[PDB]
RNA sequence: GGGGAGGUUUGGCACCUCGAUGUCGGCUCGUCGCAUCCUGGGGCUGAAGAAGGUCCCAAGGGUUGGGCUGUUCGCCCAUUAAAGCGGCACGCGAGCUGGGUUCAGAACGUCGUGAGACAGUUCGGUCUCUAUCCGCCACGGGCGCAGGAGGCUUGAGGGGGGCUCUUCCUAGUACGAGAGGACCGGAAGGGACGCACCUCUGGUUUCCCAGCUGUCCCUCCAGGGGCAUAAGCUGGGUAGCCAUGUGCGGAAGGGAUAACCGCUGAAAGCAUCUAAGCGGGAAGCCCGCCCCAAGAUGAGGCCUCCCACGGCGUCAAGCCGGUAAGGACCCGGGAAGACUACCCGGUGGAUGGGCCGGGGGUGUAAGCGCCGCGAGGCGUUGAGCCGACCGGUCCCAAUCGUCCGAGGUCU
RNA sequence: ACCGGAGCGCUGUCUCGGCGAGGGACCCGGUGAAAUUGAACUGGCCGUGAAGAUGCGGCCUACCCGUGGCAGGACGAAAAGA
RNA sequence: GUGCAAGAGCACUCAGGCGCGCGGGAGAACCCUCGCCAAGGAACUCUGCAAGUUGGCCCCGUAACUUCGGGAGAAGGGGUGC
RNA sequence: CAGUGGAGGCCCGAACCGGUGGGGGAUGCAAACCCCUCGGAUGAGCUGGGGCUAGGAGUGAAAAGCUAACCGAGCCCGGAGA
RNA sequence: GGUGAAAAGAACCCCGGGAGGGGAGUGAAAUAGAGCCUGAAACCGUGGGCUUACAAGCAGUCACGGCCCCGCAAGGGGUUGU
Ligand SMILES: [Mg+2]
Ligand SMILES: [Mg+2]
Ligand SMILES: [Mg+2]
Ligand SMILES: [Mg+2]
Ligand SMILES: [Mg+2]
Ligand SMILES: [Mg+2]
Ligand SMILES: [Mg+2]
Ligand SMILES: [Mg+2]
Ligand SMILES: [Mg+2]
Ligand SMILES: [Mg+2]
Ligand SMILES: [Mg+2]
Ligand SMILES: [Mg+2]
Ligand SMILES: [Mg+2]
Ligand SMILES: [Mg+2]
Ligand SMILES: [Mg+2]
Ligand SMILES: [Mg+2]
Ligand SMILES: [Mg+2]
Ligand SMILES: [Mg+2]
Ligand SMILES: [Mg+2]
Ligand SMILES: [Mg+2]
Ligand SMILES: [Mg+2]
Ligand SMILES: [Mg+2]
Ligand SMILES: [Mg+2]
Ligand SMILES: [Mg+2]
Ligand SMILES: [Mg+2]
Ligand SMILES: [Mg+2]
Ligand SMILES: [Mg+2]
Ligand SMILES: [Mg+2]
Ligand SMILES: [Mg+2]
Ligand SMILES: [Mg+2]
Ligand SMILES: [Mg+2]
Ligand SMILES: [Mg+2]
Ligand SMILES: [Mg+2]
Ligand SMILES: [Mg+2]
Ligand SMILES: [Mg+2]
Ligand SMILES: [Mg+2]
Ligand SMILES: [Mg+2]
Ligand SMILES: [Mg+2]
Ligand SMILES: [Mg+2]
Ligand SMILES: [Mg+2]
Ligand SMILES: [Mg+2]
Ligand SMILES: [Mg+2]
Ligand SMILES: [Mg+2]
Ligand SMILES: [Mg+2]
Ligand SMILES: [Mg+2]
Ligand SMILES: [Mg+2]
Ligand SMILES: [Mg+2]
Ligand SMILES: [Mg+2]
Ligand SMILES: [Mg+2]
Ligand SMILES: [Mg+2]
Ligand SMILES: [Mg+2]
Ligand SMILES: [Mg+2]
Ligand SMILES: [Mg+2]
Ligand SMILES: [Mg+2]
Ligand SMILES: [Mg+2]
Ligand SMILES: [Mg+2]
Ligand SMILES: [Mg+2]
Ligand SMILES: [Mg+2]
Ligand SMILES: [Mg+2]
Ligand SMILES: [Mg+2]
Ligand SMILES: [Mg+2]
Ligand SMILES: [Mg+2]
Ligand SMILES: [Mg+2]
Ligand SMILES: [Mg+2]
Ligand SMILES: [Mg+2]
Ligand SMILES: [Mg+2]
Ligand SMILES: [Mg+2]
Ligand SMILES: [Mg+2]
Ligand SMILES: [Mg+2]
Ligand SMILES: [Mg+2]
Ligand SMILES: [Mg+2]
Ligand SMILES: [Mg+2]
Ligand SMILES: [Mg+2]
Ligand SMILES: [Mg+2]
Ligand SMILES: [Mg+2]
Ligand SMILES: [Mg+2]
Ligand SMILES: [Mg+2]
Ligand SMILES: [Mg+2]
Ligand SMILES: [Mg+2]
Ligand SMILES: [Mg+2]
Ligand SMILES: [Mg+2]
Ligand SMILES: [Mg+2]
Ligand SMILES: [Mg+2]
Ligand SMILES: [Mg+2]
Ligand SMILES: [Mg+2]
Ligand SMILES: [Mg+2]
Ligand SMILES: [Mg+2]
Ligand SMILES: [Mg+2]
Ligand SMILES: [Mg+2]
Ligand SMILES: [Mg+2]
Ligand SMILES: [Mg+2]
Ligand SMILES: [Mg+2]
Ligand SMILES: [Mg+2]
Ligand SMILES: [Mg+2]
Ligand SMILES: [Mg+2]
Ligand SMILES: [Mg+2]
Ligand SMILES: [Mg+2]
Ligand SMILES: [Mg+2]
Ligand SMILES: [Mg+2]
Ligand SMILES: [Mg+2]
Ligand SMILES: [Mg+2]
Ligand SMILES: [Mg+2]
Ligand SMILES: [Mg+2]
Ligand SMILES: [Mg+2]
Ligand SMILES: [Mg+2]
Ligand SMILES: [Mg+2]
Ligand SMILES: [Mg+2]
Ligand SMILES: [Mg+2]
Ligand SMILES: [Mg+2]
Ligand SMILES: [Mg+2]
Ligand SMILES: [Mg+2]
Ligand SMILES: [Mg+2]
Ligand SMILES: [Mg+2]
Ligand SMILES: [Mg+2]
Ligand SMILES: [Mg+2]
Ligand SMILES: [Mg+2]
Ligand SMILES: [Mg+2]
Ligand SMILES: [Mg+2]
Ligand SMILES: [Mg+2]
Ligand SMILES: [Mg+2]
Ligand SMILES: [Mg+2]
Ligand SMILES: [Mg+2]
Ligand SMILES: [Mg+2]
Ligand SMILES: [Mg+2]
Ligand SMILES: [Mg+2]
Ligand SMILES: [Mg+2]
Ligand SMILES: [Mg+2]
Ligand SMILES: [Mg+2]
Ligand SMILES: [Mg+2]
Ligand SMILES: [Mg+2]
Ligand SMILES: [Mg+2]
Ligand SMILES: [Mg+2]
Ligand SMILES: [Mg+2]
Ligand SMILES: [Mg+2]
Ligand SMILES: [Mg+2]
Ligand SMILES: [Mg+2]
Ligand SMILES: [Mg+2]
Ligand SMILES: [Mg+2]
Ligand SMILES: [Mg+2]
Ligand SMILES: [Mg+2]
Ligand SMILES: [Mg+2]
Ligand SMILES: [Mg+2]
Ligand SMILES: [Mg+2]
Ligand SMILES: [Mg+2]
Ligand SMILES: [Mg+2]
Ligand SMILES: [Mg+2]
Ligand SMILES: [Mg+2]
Ligand SMILES: [Mg+2]
Ligand SMILES: [Mg+2]
Ligand SMILES: [Mg+2]
Ligand SMILES: [Mg+2]
Ligand SMILES: [Mg+2]
Ligand SMILES: [Mg+2]
Ligand SMILES: [Mg+2]
Ligand SMILES: [Mg+2]
Ligand SMILES: [Mg+2]
Ligand SMILES: [Mg+2]
Ligand SMILES: [Mg+2]
Ligand SMILES: [Mg+2]
Ligand SMILES: [Mg+2]
Ligand SMILES: [Mg+2]
Ligand SMILES: [Mg+2]
Ligand SMILES: [Mg+2]
Ligand SMILES: [Mg+2]
Ligand SMILES: [Mg+2]
Ligand SMILES: [Mg+2]
Ligand SMILES: [Mg+2]
Ligand SMILES: [Mg+2]
Ligand SMILES: [Mg+2]
Ligand SMILES: [Mg+2]
Ligand SMILES: [Mg+2]
Ligand SMILES: [Mg+2]
Ligand SMILES: [Mg+2]
Ligand SMILES: [Mg+2]
Ligand SMILES: [Mg+2]
Ligand SMILES: [Mg+2]
Ligand SMILES: [Mg+2]
Ligand SMILES: [Mg+2]
Ligand SMILES: [Mg+2]
Ligand SMILES: [Mg+2]
Ligand SMILES: [Mg+2]
Ligand SMILES: [Mg+2]
Ligand SMILES: [Mg+2]
Ligand SMILES: [Mg+2]
Ligand SMILES: [Mg+2]
Ligand SMILES: [Mg+2]
Ligand SMILES: [Mg+2]
Ligand SMILES: [Mg+2]
Ligand SMILES: [Mg+2]
Ligand SMILES: [Mg+2]
Ligand SMILES: [Mg+2]
Ligand SMILES: [Mg+2]
Ligand SMILES: [Mg+2]
Ligand SMILES: [Mg+2]
Ligand SMILES: [Mg+2]
Ligand SMILES: [Mg+2]
Ligand SMILES: [Mg+2]
Ligand SMILES: [Mg+2]
Ligand SMILES: [Mg+2]
Ligand SMILES: [Mg+2]
Ligand SMILES: [Mg+2]
Ligand SMILES: [Mg+2]
Ligand SMILES: [Mg+2]
Ligand SMILES: [Mg+2]
Ligand SMILES: [Mg+2]
Ligand SMILES: [Mg+2]
Ligand SMILES: [Mg+2]
Ligand SMILES: [Mg+2]
Ligand SMILES: [Mg+2]
Ligand SMILES: [Mg+2]
Ligand SMILES: [Mg+2]
């Protein structure tokens, strides 16, 4: 009994593992399963991650973007059965945990305020190609 | 004064009755092991002391 | 009519097919039946389930005399489940197949001495145009010379919370016998670690 | 009902913080200190932190502890004497024993605080 | 969540730029309206010689909100503004081409026409 | 033309109150009436159907948001199942407001020689911290419950809840020339309200982290502290408490009935629902659901535990000390709490504090190296710091002890 | 800093309330008032009575004493009605 | 004294003087004073009462009307640190 | 027209003089106070000291305002035991 | 306004920081002990008797009963259960 959490934590097996690490201040592209009419598709969604609300399992993250003149944000359960995959697209300088502030900034300022984390990229592409070697041979 | 005020002098009966729960109770005491005197449990007291 | 004692372990949410579901986890540990109410001896029918392992320390009480006549490991708690007589042994989560619905009972969180606005969810006066000393007050409480008194059970501020609260028709979302666990539809009275009894619903 | 949380106080924040400090200074200056019970039970944990933080040695720790006790000579005594004494120990660097005398003219109960030994 | 006295962006060439909510046509006394909810409203301003004139009392349906819509799949979604599409009394949209995204709740509600002309459902 | 009921209007009378019973409207909180606005059940219809009309039964719940005016009232906008009418000092100012009325200022029209005056108008104009008793909401102390104690309970008697729409299948079927369009039965989705909850969404989170200005100080640099609230400002923020968020409720069903519809059926050879007798029939009644509840002085029931006197009272019941089961004190505490109460723990112990780990928050600390003239930048680095949450560990603190507590009446 | 109408900006004025801070309230120790007060052993309903009853009648209800709260009554207090 | 356009303003601080002659705890309702708040933005109300919004200096720019002075800080913008 | 010049019951704003709106206070810190807000601030300005005018009399940018904490006729003593 | 005939106004010892007491002492009397003759009532307190925690009240009166106390007795006093 003296593990009230670990018990409630046992129900965690609905947990993912495939998904790649990413943190606010860099843009991604989730592929969500959706019910159109009655069937099932795979709608993409690509924008900057503005918030990650950590809480072990059932942690969440929210991405925003501009669709046809209007802004739009979506909240995704991190370990959701509907996220087929989540291709990251570009890393960038955080400097802050929650970046709501870009809401009032959607313009040239964003691009210049969130440069590009050459560090988290230099490790991305490095351990990408450099790690491809070990698996192939 | 302003607005409410007693409608009648309280009787010496009712008065003392109210006070039925005012009485005190003696302090809880125990004979301290070291000395002979009394101490309030869980406390150190003069003319005595403690072990380490 | 089933029955079983447990603790509110906490709650989170799991996914049923392509839909998320909020669930409260209840540990309905194995309950050693302790006595039996019968029409002949007691005047009614029921079963006194025990629950949770007691150290023979606090059992200094002649409770041991009750546990002896049943040959049971001393428990920390025990309440009856009315009109439910299981075979002589022990009840467990096994009686709850998923999709069944249950009536859960628990002692709500204690909101202490609560104002009328929190307790009875009154309206209270204006934050603004005058008054400024009755913002959270209940205002009038009566009439005039007639009836010239206040109604019995009038809504007024006071202690509120930490009372016997029974929710109903909660869905048994799952059941993990390997852990005496029991998943529900989330909203169950009381705080975590709180004792809580789960019964069969009265929908049907 | 507030309090479902966990902490205690009187006075306002900047004062209460100043209180814990000015006590822990005297306490790390006299080794024995007498205050009111509640003030003591609270001071208790505040010191077991600088003391343990004192078991570590790096200048970062020193600089951290300076933020509370302003006196440099005092942090010396803490690092170069008080701390070593508590090597090979893990917590409970401090002790609180309630006295049997109340304060007169306000009837407040007292208790002793001391660097353990 | 839209309620009377609220302003809405008009997402179609009906001529109207902005309309204010008059009444949310859910229950007999509903507090608020949301995506896929219809509302009576006043045209608080419109473009010259539009089908709808400034001052008309129109019906419209919420296509976007600022308060995130919570979906059963555990996700949610919110837009930068509150928007609507003026509709015919038989509930078909009055204007044609509708601009900007839309919540798919519009679909389950029976606004096929509008999700169609929508340049992007989300 | 005629007879009544009611006591919401306007009056009549002048009966309590002029050593004072504060007047309208609004707000808050309601509760009651039924002469019913809606929903439920019926009769008739000039009821094809859908929809109405009229009367009957029925308070159980419901009875929206705005524009104008101090308004009540009323008009209007947009909805609705409906936007019911009255009582309660036209309910409620020791609950609030004070726009209106109803003091002194001032002005208009009007009257008056005048001072002034107006159910005429206009702008302004001090609303009193402390509840004794009854009542009401909560929470304890005492004693009782004819042995004492631990735990579990029965439910007399109360209380809460009680609403309604919409689309779809039945079926474009019965009905109708057409337009339109059912009963009965079944399904889905809502509005408002109520209870509980923090997973999610979304708030607060007063020192959890970070950044920034001015100044003063430590210690010159660097680093850091105070004050700029009772957080100096700002960007974020766990637990807890919360709704905008999540779950669940209104029932089902049983029983007796209202209007009403009937069977059998006389009195009264026919006829009659009725006089004997019986069946059906409401959102209403009684149960059922949830909550309180044996001070139910009619003080209940079950399981279990401890039992003789140890001294005076011969008669009467008691009375005084030591103890049994068991309880209390004191201490560490708590999603329990104003206090008390309630609950857990007290060295055979993880109750609090510290330390450790995890969760979580902030978002690369200090120091050093490197690049730049420099403000800075880069690396070491998801670093450093790090409340409340989930656990672990006897380092510190619950040390030692004290007090009360049956001897069980009689027929 | 006159009085009326409208609009933009902004907002807890409001839908509709929630959380947080501090000073009181609450508990302990010290000091310790006031208006008021015929006397009190001071319940509910329906009547009744000088026409609005804790005190009369009938009936219902109710173990003794307090503490924190609410303001319907005591035709509450105050001021020999302006 | 330092800073801010200036100043006897504001913030911190010299010299100097004080913590206001009841304290201790608790962390209910409720009152006062203060901070914040999803969506909405006057729907509040007799009345935007209240509170918020705006705020300093520099630069661009500024309408009807006018008694030619005004209206003007109109309005609306941009800059501000190292 | 430029320059110089520095006028004003001019402008912003402390001291200072006020008392606009709201809140608190109501046996008050206070027999008129506290907080936020607001008005004037070279003038019909504010202010220290020395003086004069008073009871049907004074003074009054006029409210019957003020004339020692209540002025449609001050206070005290007397007529007076009206 | 008042000790007492007279200060004979309480040496000395004891508890106490003091105040104030307890003894000793003076006096006819100290409950005449110093704002001290007499010392009423309201009001506060200590002890004793009767009485009260299912009870409805202008508080009393009438009756009976119980307990306690006075007198050998018939009797009387206090209290109060119905
Ligand atoms: Mg665990
Ligand atoms: Mg737990
Ligand atoms: Mg409010
Ligand atoms: Mg007022
Ligand atoms: Mg007031
Ligand atoms: Mg009455
Ligand atoms: Mg009454
Ligand atoms: Mg937990
Ligand atoms: Mg805690
Ligand atoms: Mg501060
Ligand atoms: Mg710590
Ligand atoms: Mg007649
Ligand atoms: Mg009448
Ligand atoms: Mg009349
Ligand atoms: Mg009369
Ligand atoms: Mg007459
Ligand atoms: Mg009177
Ligand atoms: Mg009166
Ligand atoms: Mg009135
Ligand atoms: Mg009124
Ligand atoms: Mg009908
Ligand atoms: Mg029909
Ligand atoms: Mg027809
Ligand atoms: Mg016809
Ligand atoms: Mg027809
Ligand atoms: Mg039909
Ligand atoms: Mg009839
Ligand atoms: Mg009727
Ligand atoms: Mg209306
Ligand atoms: Mg209409
Ligand atoms: Mg309708
Ligand atoms: Mg209609
Ligand atoms: Mg209607
Ligand atoms: Mg009527
Ligand atoms: Mg009414
Ligand atoms: Mg009235
Ligand atoms: Mg009337
Ligand atoms: Mg009235
Ligand atoms: Mg009032
Ligand atoms: Mg009123
Ligand atoms: Mg009053
Ligand atoms: Mg006013
Ligand atoms: Mg009004
Ligand atoms: Mg007016
Ligand atoms: Mg008037
Ligand atoms: Mg008058
Ligand atoms: Mg006048
Ligand atoms: Mg008139
Ligand atoms: Mg007026
Ligand atoms: Mg007041
Ligand atoms: Mg009374
Ligand atoms: Mg009463
Ligand atoms: Mg019952
Ligand atoms: Mg009932
Ligand atoms: Mg009922
Ligand atoms: Mg009801
Ligand atoms: Mg059909
Ligand atoms: Mg069809
Ligand atoms: Mg079909
Ligand atoms: Mg046919
Ligand atoms: Mg026809
Ligand atoms: Mg036909
Ligand atoms: Mg045909
Ligand atoms: Mg046909
Ligand atoms: Mg034909
Ligand atoms: Mg047809
Ligand atoms: Mg058709
Ligand atoms: Mg929850
Ligand atoms: Mg939080
Ligand atoms: Mg800190
Ligand atoms: Mg944090
Ligand atoms: Mg430096
Ligand atoms: Mg600094
Ligand atoms: Mg300060
Ligand atoms: Mg500020
Ligand atoms: Mg500030
Ligand atoms: Mg700071
Ligand atoms: Mg902050
Ligand atoms: Mg039924
Ligand atoms: Mg049944
Ligand atoms: Mg009937
Ligand atoms: Mg027949
Ligand atoms: Mg019959
Ligand atoms: Mg019959
Ligand atoms: Mg039947
Ligand atoms: Mg029924
Ligand atoms: Mg129903
Ligand atoms: Mg029955
Ligand atoms: Mg029955
Ligand atoms: Mg209970
Ligand atoms: Mg119960
Ligand atoms: Mg009992
Ligand atoms: Mg019971
Ligand atoms: Mg019993
Ligand atoms: Mg038994
Ligand atoms: Mg024996
Ligand atoms: Mg024997
Ligand atoms: Mg112990
Ligand atoms: Mg052990
Ligand atoms: Mg521990
Ligand atoms: Mg621990
Ligand atoms: Mg950690
Ligand atoms: Mg983390
Ligand atoms: Mg770095
Ligand atoms: Mg290097
Ligand atoms: Mg270099
Ligand atoms: Mg260099
Ligand atoms: Mg790592
Ligand atoms: Mg903290
Ligand atoms: Mg560990
Ligand atoms: Mg004993
Ligand atoms: Mg004994
Ligand atoms: Mg006995
Ligand atoms: Mg003016
Ligand atoms: Mg506006
Ligand atoms: Mg804001
Ligand atoms: Mg309101
Ligand atoms: Mg507080
Ligand atoms: Mg006070
Ligand atoms: Mg104070
Ligand atoms: Mg006190
Ligand atoms: Mg009573
Ligand atoms: Mg009657
Ligand atoms: Mg009478
Ligand atoms: Mg009489
Ligand atoms: Mg009376
Ligand atoms: Mg009589
Ligand atoms: Mg009576
Ligand atoms: Mg009663
Ligand atoms: Mg008290
Ligand atoms: Mg109170
Ligand atoms: Mg009252
Ligand atoms: Mg009050
Ligand atoms: Mg009254
Ligand atoms: Mg008079
Ligand atoms: Mg500056
Ligand atoms: Mg400046
Ligand atoms: Mg500058
Ligand atoms: Mg001085
Ligand atoms: Mg003071
Ligand atoms: Mg002092
Ligand atoms: Mg702030
Ligand atoms: Mg703000
Ligand atoms: Mg807001
Ligand atoms: Mg905001
Ligand atoms: Mg916002
Ligand atoms: Mg706006
Ligand atoms: Mg308005
Ligand atoms: Mg309104
Ligand atoms: Mg209004
Ligand atoms: Mg108006
Ligand atoms: Mg304002
Ligand atoms: Mg405000
Ligand atoms: Mg503010
Ligand atoms: Mg601002
Ligand atoms: Mg600016
Ligand atoms: Mg600003
Ligand atoms: Mg001019
Ligand atoms: Mg400007
Ligand atoms: Mg202008
Ligand atoms: Mg401007
Ligand atoms: Mg600007
Ligand atoms: Mg800088
Ligand atoms: Mg020129
Ligand atoms: Mg020049
Ligand atoms: Mg000049
Ligand atoms: Mg010049
Ligand atoms: Mg001037
Ligand atoms: Mg001016
Ligand atoms: Mg002046
Ligand atoms: Mg003013
Ligand atoms: Mg003022
Ligand atoms: Mg004014
Ligand atoms: Mg006021
Ligand atoms: Mg005022
Ligand atoms: Mg006041
Ligand atoms: Mg005061
Ligand atoms: Mg202002
Ligand atoms: Mg000024
Ligand atoms: Mg000025
Ligand atoms: Mg002068
Ligand atoms: Mg002079
Ligand atoms: Mg002179
Ligand atoms: Mg005169
Ligand atoms: Mg003058
Ligand atoms: Mg005088
Ligand atoms: Mg005169
Ligand atoms: Mg005289
Ligand atoms: Mg006379
Ligand atoms: Mg004469
Ligand atoms: Mg003498
Ligand atoms: Mg002596
Ligand atoms: Mg001395
Ligand atoms: Mg002496
Ligand atoms: Mg003597
Ligand atoms: Mg003698
Ligand atoms: Mg004699
Ligand atoms: Mg003598
Ligand atoms: Mg004598
Ligand atoms: Mg004498
Ligand atoms: Mg004397
Ligand atoms: Mg005397
Ligand atoms: Mg004599
Ligand atoms: Mg006497
Ligand atoms: Mg006595
Ligand atoms: Mg007795
Ligand atoms: Mg009695
Ligand atoms: Mg009676
Ligand atoms: Mg005796
Ligand atoms: Mg005798
Ligand atoms: Mg008697």
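Computed from the coordinates by the stated procedures, all read-outs in this text should not be read as laboratory data. For neighbour counting, all protein chains shown are included, and Cβ atoms are generated from backbone atoms with ideal geometry for every residue, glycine included.
For the range A:15-40: of the residues being touching a strand residue (DSSP E or B) at 6+ places or on another chain (Cβ under 9 Å) and over 25 Å from residue A:118 (Cβ atoms), which is surrounded by the fewest Cβ atoms within 10 Å (Cβ to Cβ)?
A:18
In the set E:44, E:59, E:26, which member is over 13 Å from the mean Cα position of the chain (by Cα) and part of a strand (DSSP E or B)? Working first, answer last.
Values: E:59 fails: over 13 Å from the mean Cα position of the chain (by Cα); E:26 fails: part of a strand (DSSP E or B).
Testing whether each residue is over 13 Å from the mean Cα position of the chain (by Cα) and part of a strand (DSSP E or B) leaves just E:44.
Looking at D:21, D:32 in this structure, which one is farther than 30 Å from residue C:115 by Cα, surrounded by 12 or more Cβ atoms within 10 Å (Cβ to Cβ) and more than 16 Å from RNA strand G (Cβ to nearest atom)? Before the answer, list the steps.
Values: D:32 fails: surrounded by 12 or more Cβ atoms within 10 Å (Cβ to Cβ).
D:21 is the lone residue from the list that is farther than 30 Å from residue C:115 by Cα, surrounded by 12 or more Cβ atoms within 10 Å (Cβ to Cβ) and more than 16 Å from RNA strand G (Cβ to nearest atom).
Taking the residues in the range A:1-14 that are free of Cβ contacts under 8 Å to residues at least 40 places away in the same chain and surrounded by fewer than 16 Cβ atoms within 10 Å (Cβ to Cβ) as candidates, determine which candidate is farthest from ligand 8 (Cβ to nearest atom).
A:13
Is there a residue in the range A:61-84 that is assigned to a loop (DSSP other than H, G, I, E, B) and more than 12 Å from chain E (Cβ to nearest Cβ)? Give the derivation first.
Residues of the range A:61-84 that are assigned to a loop (DSSP other than H, G, I, E, B), as a first pass: A:68-69, A:78-82.
Filter again for more than 12 Å from chain E (Cβ to nearest Cβ), leaving none.
No, the range A:61-84 contains no residue that is assigned to a loop (DSSP other than H, G, I, E, B) and more than 12 Å from chain E (Cβ to nearest Cβ).
If I ask for residues that are surrounded by fewer than 12 Cβ atoms within 10 Å (Cβ to Cβ), within 13 Å of chain D (Cβ to nearest Cβ) and touching a strand residue (DSSP E or B) at 6+ places or on another chain (Cβ under 8 Å), which ones from the range B:5-50 would you list? Steps first, please.
The first filter runs over the range B:5-50 and keeps only residues surrounded by fewer than 12 Cβ atoms within 10 Å (Cβ to Cβ), leaving B:5-28, B:30-31, B:33, B:36, B:41-42, B:46-47, B:49-50.
Subset that is within 13 Å of chain D (Cβ to nearest Cβ): B:27-28, B:30, B:41-42, B:46-47, B:49-50.
Correct list: B:30, B:41, B:42, B:46, B:50.
Can you tell me how many residues within the range C:120-165 are within 16 Å of ligand 3 (Cβ to nearest atom) and either loosely packed, with under 10 Cβ neighbours inside 10 Å or within 14 Å of chain D (Cβ to nearest Cβ) (or both)?
Looking only at the range C:120-165, we keep the residues that are within 16 Å of ligand 3 (Cβ to nearest atom), and these are C:120-139.
Right, trim to either loosely packed, with under 10 Cβ neighbours inside 10 Å or within 14 Å of chain D (Cβ to nearest Cβ) (or both) and you get C:121, C:127-130, C:133.
Here the count works out to 6.
What is the residue count in the range C:180-193 for residues that are buried (at least 16 other Cβ atoms within 10 Å of the Cβ) and assigned to a loop (DSSP other than H, G, I, E, B)?
Step one: of the range C:180-193, the residues buried (at least 16 other Cβ atoms within 10 Å of the Cβ) are C:180-186, C:188-190.
Checking which are assigned to a loop (DSSP other than H, G, I, E, B) leaves us with C:180-182, C:184-186, C:188-190.
Count: 9.
Contact list please: Cβ distance under 8 Å, first residue in the range B:1-30 and touching a residue at least 12 places away in the same chain (Cβ under 8 Å), second residue in a loop (DSSP other than H, G, I, E, B), pairs at least six apart or on different chains.
Every condition considered, the pairs that remain are B:27/B:40; B:28/B:40; B:28/B:41; B:29/B:40; B:29/B:41.
Of C:75, C:9, C:34, which residue is crowded, with 16+ Cβ neighbours inside 10 Å, within 30 Å of residue E:76 (Cβ to Cβ) and away from chain E (no Cβ under 14 Å)? Spell out the reasoning first.
On the way: C:75 fails: within 30 Å of residue E:76 (Cβ to Cβ); C:34 fails: within 30 Å of residue E:76 (Cβ to Cβ).
C:9 is the lone residue from the list that is crowded, with 16+ Cβ neighbours inside 10 Å, within 30 Å of residue E:76 (Cβ to Cβ) and away from chain E (no Cβ under 14 Å).
Go through the range A:19-39 and report how many residues are within 12 Å of chain E (Cβ to nearest Cβ) and assigned to a loop (DSSP other than H, G, I, E, B).
Our first condition is that a residue be within 12 Å of chain E (Cβ to nearest Cβ); within the range A:19-39, this holds for A:30, A:32-38.
Within this subset, residues satisfying the condition of being assigned to a loop (DSSP other than H, G, I, E, B) are A:33-38.
Final tally of qualifying residues: 6.
Right, residue E:35: more than 10 Å from every other protein chain (Cβ to nearest Cβ) and under 29 Å from residue C:16 (Cβ atoms) or not?
On the way: more than 10 Å from every other protein chain (Cβ to nearest Cβ): yes; under 29 Å from residue C:16 (Cβ atoms): yes.
So residue E:35 passes the test.
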